[PDB]
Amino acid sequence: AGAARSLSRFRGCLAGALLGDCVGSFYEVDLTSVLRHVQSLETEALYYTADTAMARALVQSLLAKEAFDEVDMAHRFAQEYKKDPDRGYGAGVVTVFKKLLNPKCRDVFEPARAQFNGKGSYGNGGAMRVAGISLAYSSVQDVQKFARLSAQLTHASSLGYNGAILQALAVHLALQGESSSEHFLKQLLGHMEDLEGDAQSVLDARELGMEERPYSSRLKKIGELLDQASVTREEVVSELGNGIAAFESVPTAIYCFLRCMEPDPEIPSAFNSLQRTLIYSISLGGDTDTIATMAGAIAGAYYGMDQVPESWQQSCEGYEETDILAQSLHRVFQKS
């Protein structure tokens, strides 16, 4: 709410991400499923998962250095894992952290490049933690630059880091406030068509038997889905995904945000737009903590802190630290 990149947008963004992670984590599903159990949320009994742990470390690094510092951020990721390994980290990425904890590893980007036979991870862990990049950086150029670099600390495949860029761009656009769904999608599509024309990206996708321009292809499917009658959960999962791959989760989160910009008759009117976006995301099943954390980041940035319900927020572990960090990003980087 209010001006582009306002404090309310910053706070709502990180709160929305925290809500999606914590509320989503129960069901790691059917719209009726979800509605019964948000009943519960009507202190800090909902633990956050690796999505929030890594987002907090990313943001703490940015604040400590008042800039992107790959060595600081890589070590804060590794030390966060060492301090609290049981947050549900991906099976592969834990190898990166263990290599980064070795004090004689001195290029912090190389462990990620060794992952998965030297092709790199395409998991959504780079995207799940990236919203803080869009709070720290106002220009599109800087959002893409450091969304990519922050993601490359663990996700060296263009299929992974282009998902992180796409998530950061969506948060970036949402922080600018009111827009049509079609304009929001169109801007995202243009940026991704630009990135997926790159040779390394084309090959990375070739090598795995994928569409050329996989993110672009899914963003076009979102535009079709937004015009389609009687869209079912099954159709959404089939065309976009609900999985741990960034390309099976990041477009899906953006779809959830765009679809839920308007009221949905099968979700009670008593829920506001942020809540309805989270309820819809979680109803898709699959990687619910991560799809909801990403949809919640976007919706929180767009709708602002006035749509973060206190009862839901106060159920989440660390909600006050999350808020402090949002306020600090606004002070340090948005220079209020």
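Residue numbers here begin at 1 and follow the sequence given.
Exercise for review: Please count the deposited residues lying between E42 and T43 that the model leaves without coordinates, and give the class: none, 1 to 3, 4 to 9, or 10 or more.
Suggested key: Unresolved stretch here: 10 or more residues.
Exercise for review: Check the entry and tell me how many residues of the deposited sequence have no coordinates between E28 and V29: none, 1 to 3, 4 to 9, or 10 or more.
Suggested key: Per the deposited record, the segment joining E28 and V29 lacks coordinates for 4 to 9 residues.
Review point. In the PDB record, does 309 to 317 or 10 to 18 carry the higher mean Cα temperature factor?
Key: Looking at the recorded C-alpha B-factors, 309 to 317 comes out higher on average.
Exercise for review: Look up the CA B-factors in the entry and say which stretch, 261 to 269 or 70 to 78, has the higher mean.
Suggested key: On average, C-alpha B-factors are higher across 261 to 269.
Exercise for review: In terms of CA temperature factor as recorded, identify the highest of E178, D142, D194, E182.
Suggested key: Going by the entry's C-alpha B-factors, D194 comes out highest.
Review point. If you check the C-alpha B-factor for each of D86, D227, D198, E248 in the entry, which is highest?
Key: Checking the PDB record, the top C-alpha B-factor among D86, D227, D198, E248 is at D198.
Check your understanding: Would the CA B-factor of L219 place it in the lowest, middle or highest third of its chain?
Key -> Lowest third, going by the recorded CA B-factors of the chain.
Check your understanding: Which third of the chain holds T52 when residues are ordered by C-alpha B factor: lowest, middle or highest?
Key -> Lowest third - that is where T52 ends up once the chain's C-alpha B-factors are sorted.
Review point. Split the chain's modelled residues into thirds by Cα B-factor; is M294 in the lowest, middle or highest one?
Key: Its C-alpha B-factor belongs to the lowest third of this chain's values.
Practice item. Looking at the entry's B-factor column for C-alpha atoms only, identify whether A156 ranks in the lowest, middle or highest third of its chain. Key: It falls in the bottom third of the chain.
Practice item. Consider only the C-alpha atoms of the modelled residues in this chain, order them by B-factor as the entry records it, and name the third containing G90: lowest, middle or highest. Key: Middle third by C-alpha B-factor.
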